[PDB]
């Protein structure tokens, strides 16, 4: 019905993908979405288009795309909107992509940062 697609930067190193995979598995452990997939913008598979099509094939008509990025940048403003076809890959007409906001300066980020500062 509805799918969650977590999208991340990707890296020539393996850590960025590992992060998205672990995040997806935890979201799945929460039992909130019928369909959960990940896509990596560059260097690594699944790519963002592959994640969106896999989601569509599993039966999703509304696709929630969450940019797992701390801040807006060209990737969240230009490259990814592009891949998703939101700026001038095929999305069927009965399907809508809903592109969400990045993490930003969430109070919980401050909490994490302070934990890290103390080595926890």
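Numbering follows the first chain given and starts at 1.
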{"item": "Where residue 88 meets residue 89 in the shown sequence, the number of deposited residues left unmodelled", "value": "10 or more"}
{"item": "94-102 versus 14-22 - greater average Cα B-factor per the deposited record", "value": "94-102"}
{"item": "Residue stretch of maximal mean CA temperature factor, 78-86 vs 64-72", "value": "78-86"}
{"item": "Chain-relative CA temperature factor third for residue 46", "value": "middle"}
{"item": "Chain-relative CA temperature factor third for residue 56", "value": "highest"}
{"item": "Chain-wide C-alpha B factor ranking for residue 38, given as lowest, middle or highest third", "value": "lowest"}
{"item": "Chain-wide C-alpha B factor ranking for residue 4, given as lowest, middle or highest third", "value": "middle"}
